[PDB]
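# Observations on the model geometry
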Amino acid sequence: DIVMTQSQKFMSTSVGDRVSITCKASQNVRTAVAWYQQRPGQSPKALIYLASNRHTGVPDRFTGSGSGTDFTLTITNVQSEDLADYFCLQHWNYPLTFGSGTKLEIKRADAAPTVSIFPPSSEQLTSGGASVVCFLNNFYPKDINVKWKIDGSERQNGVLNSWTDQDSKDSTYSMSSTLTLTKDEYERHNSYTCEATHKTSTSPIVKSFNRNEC
Amino acid sequence: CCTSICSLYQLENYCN
Amino acid sequence: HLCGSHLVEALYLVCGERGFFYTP
Amino acid sequence: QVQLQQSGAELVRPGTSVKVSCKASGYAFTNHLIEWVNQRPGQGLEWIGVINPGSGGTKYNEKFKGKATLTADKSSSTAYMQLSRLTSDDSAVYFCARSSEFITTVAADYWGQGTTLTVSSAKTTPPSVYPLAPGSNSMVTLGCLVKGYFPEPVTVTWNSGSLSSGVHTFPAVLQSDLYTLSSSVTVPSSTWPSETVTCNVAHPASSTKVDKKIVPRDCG
């Protein structure tokens, strides 16, 4: 099976700049490569066929090039409606295979996360479970580490993370981290700590509560 | 290549 | 079209400047 | 105009079988190859197989041989894909797409709208909704935890729509066949607890509609 490698899973840009998305085939695929656009909640839409030809109706700022292995989709003067996923594909030989995609995102000034910790509610405690929730809100760029500590020991078991995509309105990212315990394990400990490390500072943002103070 | 699905790769066996 | 026009176009794409022969 | 209209979403149990429809219109249906492609939540795209609708010929991704069966009904101008032995790994969005005639020199120039397939043994379960309060001169964050429901989706609004602006509803995660999510909201310091913030959770499948008023929890 041919692998279509899009080395860059994310690409930041500003409206009006130039972007170049690469795609390398694992073997020679001639010019049987296609490019698709996928906006969130939509089907893919075809852009480039046979390596360099624009499909009818697709704007001229989109340009596909390449032959052999190294293929490229270049967008000049990127517009806001171009913020989306781009997939290459080869159809030289079966099975047809897609690249694993490049998400094109708007660039902006760095933002540190606003970190919030919440103890499990007494509503939930009466059901035998205890979910501790941490919000990591409105930061930029997307990369972030979250670390939980219960009574000073790094706790990794029971932690489920969830990420939003880039915010339609202010271009930041968000993240919830949730530690789910039985009530008995939760009442076995006192100090619960959520720790965020983001590039905006060498120091972690530390939010904590003591269970014997709730 | 008309009732059965062929691949552009499979067509190379007809060139020069 | 039938089959052959589409087949001959595909042959032209795949065989580039090295050409091809075609007898139905 | 080229147009492909796919059948409705499918929510079934593992081991069963499903048959998805794809109705073509606006072109000569019989000789354009129809591809099938799936997309798992958050992932890219995988090619399943292709059918020549006039001839009935097929070629399958080796991973889908014996799982997928592709057919065509020239009368109605409809392509079909049947998926057997369904497991939860098959939950995905399935696309049909049109390619060139007889052989693929141009691939997937028009795409159908997609069909969501959900494979689960779980039964309809309403969400448990828990308040996320922080206790008590800038801006305070509240939350709503929406836990242990099936199937997707739920919608979270804040103050029956009144708050809209500082709202994050996070994607759900599947833990032990049930879904969980949280929704954060940031309202002015002089709006809470000074006035009132209530989360509205709606889970249509269970016919549920719950409001949770956020009350302080001054920890310390």
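Read on for an overview of the structure.

Taken together, the contacts link 44 residues of chain D with 41 residues of chain A. In this assembly, chain D packs against chain A so that about 3600 Å² is buried in total across both faces, 65% of it on carbon and sulfur atoms. Of all residues in chain D, the largest losses of buried area upon contact with chain A belong to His 168, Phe 170 and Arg 217 of chain D, amounting jointly to 17% of the total for that side. Counting across the interface, chain D meets chain A through one salt bridge. When the shortest N-O distance is used, the salt bridge between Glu 123 of chain A and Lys 212 of chain D registers 3.2 Å. Taken together, the links from chain D to chain A amount to ten residue pairs in polar contact. The set of elements that each furnish at least two residues to the side of chain D that touches chain A consists of β4 (32-39), β5 (45-51), β12 (128-132), β13 (139-149), β15 (167-169), β16 (173-175) and β17 (178-188) of chain D. By residue number, the principal contributor to the side of chain D that touches chain A is β13 of chain D, which donates five residues. By residue class, the composition of the side of chain D that touches chain A is 20 nonpolar, 16 polar and eight charged.

Next up on the list: the sheet that holds strand β15 (residues 153-155) of chain A. All names here are of chain A. The four strands are arranged β15-β14-β18-β19 in an open sheet whose pairing can be described as antiparallel. Looking at strand neighbours, the two that pair on one side only are β15 and β19 (205-210), the edges of this open sheet. The average angle at which neighbouring strand axes cross in this sheet is 30 degrees, direction not considered. In terms of strand pairing, strand β14 (residues 145-150) meets β15 through three bridges, oriented antiparallel. Bridge assignment links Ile 150 to a residue of β15, and that residue is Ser 153.

Here the focus is the packing of aromatic side chains. Aromatic ring pairs: the centre-centre distance and the angle between the two ring planes describe each pair. Applying the stated criterion to the full structure yields 13 aromatic pairs over all chains. Ring geometry for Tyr 192 of chain A against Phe 209 of chain A: centres 5.7 Å apart, planes inclined by 20 degrees, an arrangement best described as stacked. A residue pair is termed long-range when its members are at least 10 positions apart, and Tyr 192 of chain A in strand β18 (residues 191-197) and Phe 209 of chain A in strand β19 qualify at 17 residues. Ring pairs connect the aromatic residues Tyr 36 and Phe 98 of chain A together with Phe 95 and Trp 111 of chain D, which therefore count as one cluster. Positioned above the aromatic ring of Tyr 27 of chain D, the side-chain terminus of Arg 98 of chain D is 4.8 Å from the ring centre.

What follows is about helix α1 (residues 4-14) of chain C. The periodicity of an α-helix, 3.6 residues per turn, causes residues three or four places apart in sequence to face the same way. Among all positions of α1 of chain C, only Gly 4, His 6, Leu 7, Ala 10, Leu 11 and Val 14 of chain C are buried. The buried residues of α1 of chain C occupy one face: seen down the axis, they fall within an arc of 160 degrees.

Residue and element names in this part refer to chain D. An order of β1-β3-β8-β7 is seen for the four strands of this open sheet, with the pairing classed as antiparallel. At either margin of the open sheet sits one strand with a lone partner, and together these are β1 (3-6) and β7 (68-73). Averaged over all neighbouring strand pairs, the angle between strand axes comes to 20 degrees, with direction disregarded. One ladder, built from six bridges, connects β7 with strand β8 (residues 78-83); its direction is antiparallel. Each bridged residue has a counterpart across the sheet, and for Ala 68 the counterpart in β8 is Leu 83.

Right, let's talk about the nonpolar core for a bit. Grouped together as the largest cluster of nonpolar side chains are 33 residues, with contacts concentrated most on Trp 35 and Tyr 86 of chain A. Looking at this core, the elements with two or more residues in it are β3 (19-25), β4 (33-38), β5 (44-49), β8 (70-75) and β9 (85-90) of chain A together with α1 of chain C. Among the elements that take part in this core, β3 of chain A stands out by supplying four residues, more than any other. Every residue in contact with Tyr 86 of chain A, bar those within four places of it in the chain, is listed here: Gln 6, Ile 21, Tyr 36, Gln 37, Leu 47, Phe 62, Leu 73, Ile 75, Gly 101, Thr 102 and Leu 104 of chain A. Counting 25 residues, the second largest nonpolar core, distinct from the first, contains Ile 34, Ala 68, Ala 79 and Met 81 of chain D.

Moving on, we come to unusual backbone geometry. Most peptide bonds take the trans form, and the phi angle of most residues other than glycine is negative. Of note, the bond from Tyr 140 of chain A into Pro 141 of chain A is cis; its omega dihedral lies within 30 degrees of zero at 0 degrees. One can find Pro 141 of chain A in the loop between β13 (129-139) and β14. Of note, the amide linkage connecting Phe 150 of chain D to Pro 151 of chain D takes the cis form, showing an omega dihedral of -5 degrees. By the secondary structure assignment, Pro 151 of chain D is in the loop between β13 and β14 (155-158). With a phi close to 50 degrees, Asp 151 of chain A is a non-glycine residue in the positive phi region. Relative to the elements of secondary structure, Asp 151 of chain A occurs in the loop between β14 and β15. The class for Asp 151 of chain A is partly exposed, based on a relative accessible area of 42%. Despite not being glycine, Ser 77 of chain D shows a phi value in the positive range, around 65 degrees.

Another aspect to go through is the state of the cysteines. Put plainly, a disulfide is one covalent bond tying together the sulfur atoms of two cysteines. All names here are of chain A. What the rule picks out here adds up to eight disulfides over all chains. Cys 134 shares a disulfide with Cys 194; S-S distance 2.0 Å. Taking the torsion about the S-S bond as the criterion, the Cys 134 to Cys 194 disulfide, at about -80 degrees, is left-handed. Pair noted here: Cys 134 is in strand β13 and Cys 194 is in strand β18, with a separation of 60 residues, a long-range link. For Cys 134, a relative accessible area of 0% gives the class buried. In this structure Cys 194 comes out as buried when scored by relative accessible area, which is 0%.

What counts and what doesn't
- Residues numbered from 1 in each chain as written, not as in the entry; some residues may be left out.
- Chains lettered and ligands numbered in written order.
- Heavy atoms only, no water.
- Contact = heavy atoms within 4.5 Å.
- Buried area = accessible area lost by both parts, 1.4 Å probe.
- Salt bridge = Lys/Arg side-chain N within 4 Å of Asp/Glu carboxyl O.
- Polar contact = N/O pair within 3.5 Å; in protein donor to acceptor, adjacent residues only side chain to side chain.
- Helix = DSSP H or I, 4+ residues; strand = E, 2+ residues; numbered from the N terminus.
- Nonpolar A, V, L, I, M, F, W, Y, C, P; charged D, E, K, R; others polar.
- Pairing = 2+ DSSP bridges.
- Axes fitted to C-alpha atoms, helices over the stretch in contact; angles between N-to-C directions.
- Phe/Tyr/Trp six-rings, centres within 6.5 Å; stacked < 30°, edge-to-face > 60°.
- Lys NZ or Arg CZ within 6 Å of the ring centre and 35° of its normal.
- Buried < 20%, exposed > 50% of the residue type's maximum accessible area, 1.4 Å probe, protein only.
- Arc of directions from axis to C-beta.
- Core = buried A, V, L, I, M, F, W, Y, C linked by side-chain atoms within 4.5 Å.
- Disulfide = S-S within 2.5 Å.

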